[PDB]
2 protein chains.
Amino acid sequence: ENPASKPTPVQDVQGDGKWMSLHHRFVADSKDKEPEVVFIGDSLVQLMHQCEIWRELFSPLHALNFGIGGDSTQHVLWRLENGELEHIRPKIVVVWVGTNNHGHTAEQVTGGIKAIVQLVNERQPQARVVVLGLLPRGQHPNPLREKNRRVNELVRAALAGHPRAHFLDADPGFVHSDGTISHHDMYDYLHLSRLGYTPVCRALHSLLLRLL
Amino acid sequence: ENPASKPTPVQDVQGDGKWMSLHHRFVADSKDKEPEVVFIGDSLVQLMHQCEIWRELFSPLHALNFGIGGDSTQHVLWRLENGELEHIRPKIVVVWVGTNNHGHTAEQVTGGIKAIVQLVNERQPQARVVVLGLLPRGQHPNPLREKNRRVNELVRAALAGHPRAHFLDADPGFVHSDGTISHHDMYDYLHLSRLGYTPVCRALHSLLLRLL
């Protein structure tokens, strides 16, 4: 099987159960709330809630944020199949995941993203799906930049025929002309600072407002 | 050997070199700046820069923040031995690390923390050292809470005889009476929200101001 599309939870190898606690909180959120937009993905989604304001942009759209740091595509797929899409009927589901899929080829990661879009199209067929491109990472040129670019080319080609599936390249140009990423935009060359989040969130908010 | 006290870098198994890029940025920071306080540890240190304001409290003390998400004690020890203490002469070094030392016993983690204090006492003998207790984690009672408590008891006993070594329990009581941690304080039951950071930062700032 493609490991990126075989749904599985993140196994607890530490002992505090925190990943399942997070998923269960999100299942209870979907049980108790009626969002128009649900966001799901990895830390780039999760820390937007905190580390961008979120409140200025996305709160007024009636949104839930199911980002979890460290998730790969198959973990997001499992969470969507195991309660986080129940009891709700969102207009838009925003997906941002794949940069953590270490050991999967770009084609495998793309298959994971396609499986997520297909699951959302089955369980929540009224919703449009937005998929964000994977951002560049690392301070200098490196294989994960090339991998993430290739995922983005394959995902964009896969969604091009798909009316209510929308690919969004939210990258304002974080890789400069000298090949570097600034720590002012990504403090550890992966995770966005508040400054890094501003252009990303504005691009995503403009698209969401269009679609809504 | 105790693996917690054997200095080693975090090996890059992903391919973007981001951990070494972070360490090299901190080495360049120590080369170019003259801090009075340097903070080093794991994400609980790192995200205080962002996710608490930091600017209100710690910026005026002339501080560098060398936190890196995911580091264990042996990684902080290696970074301190491999350039992050050069060219500087701080008054205080703040250490907060050990919650990520999975697979090490509490006694081993305590040995890692003692090795960090000893290295700082050799390389920067004028500095006082502040060690923060490891915080509770997980939504409900679990073995890592007990482990972290035991580390804190052993570290506090180790530092008690040590004039300019200071143990700080910065926990305002995150574990409630029903055994839970709220996601309002730790959004993923490990990492602090802005709200979680407030009491921690105030306790640490009060001690730093005393000592300074």
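Below, each value reflects all heavy atoms present in this structure, side chains not excepted, and no hydrogens, waters or symmetry copies. Chain letters run A, B, ... following the sequence lines, proteins first and then strands; every chain starts at 1.
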Any idea which heavy atoms bring [X] and [Y] closest together, and the distance?
| X | Y | value |
| --- | --- | --- |
| B:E81 | B:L119 | CG-CD2, 3.2 Å |
| B:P199 | B:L195 | CD-O, 3.2 Å |
| A:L212 | A:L61 | CD2-CD2, 3.8 Å |
| A:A158 | A:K114 | CB-CD, 4.0 Å |
| B:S30 | B:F66 | OG-CZ, 3.3 Å |

Measure the shortest side-chain to side-chain distance between [X] and [Y] over non-hydrogen atoms and say whether it is less than 4.5 angstrom.
| X | Y | answer |
| --- | --- | --- |
| B:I181 | B:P136 | yes |
| B:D188 | A:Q46 | yes |
| A:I53 | A:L57 | no |

Could you walk me through whether B:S72 and B:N100 pass the side-chain hydrogen bond (donor to acceptor under 3.5 Å, both in side chains) check?
CA-CA 5 Å; B:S72 292; B:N100 300 319; 5.6 Å; no
Could you go through the salt bridge (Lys or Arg N to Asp or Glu O under 4.0 Å) check for A:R123 and A:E86 one step at a time?
CA-CA 9 Å; A:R123 180 63 186 86; A:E86 302 310 303; 2.9 Å; yes
Looking only at atom types and distance, does a side-chain atom of [X] sit under 3.5 Å from a main-chain N or O of [Y], one as donor and one as acceptor?
| X | Y | value |
| --- | --- | --- |
| B:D42 | B:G70 | no |
| A:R164 | A:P125 | yes |
| B:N65 | B:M48 | no |
| B:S5 | B:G111 | no |
| A:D171 | A:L135 | no |
| B:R128 | B:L211 | no |
| A:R194 | A:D185 | no |
| B:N2 | B:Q108 | yes |

For residues 195-212 of chain B, the side chain to side chain donor-acceptor pair (under 3.5 Å) pairs (sequence neighbours left out) are none
Could you name each residue pair satisfying side chain to side chain donor-acceptor pair (under 3.5 Å) that touches residues 129-141 of chain A, not counting sequence neighbours?
A:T99-A:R137, A:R137-B:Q14, A:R137-B:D16, A:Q139-B:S21
Which of A:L64, A:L80, A:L85, A:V45 passes side chain to side chain contact (heavy atoms under 4.5 Å, CB included) with A:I40? It is A:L80
Taking B:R150 first and then B:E146, would you say they form a salt bridge - that is, a charged N and a carboxylate O separated by under 4.0 Å?
no
Ion pair check, A:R156 and A:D169, cut-off under 4.0 Å:
no
For A:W78, all residues meeting ring pair (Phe, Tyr, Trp, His ring centres under 6.0 Å), sequence neighbours excluded
A:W19, A:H23
Residue pairs, two or more places apart or on separate chains, that pass ring pair (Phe, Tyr, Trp, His ring centres under 6.0 Å) and touch residues 170-195 of chain B:
none
For residues 96-137 of chain A, which residue pairs pass the ring pair (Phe, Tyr, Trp, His ring centres under 6.0 Å) check, not counting sequence neighbours?
none
List for me each residue that meets side chain to side chain contact (heavy atoms under 4.5 Å, CB included) alongside A:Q118, sequence neighbours excluded, and say none if there are none.
A:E122
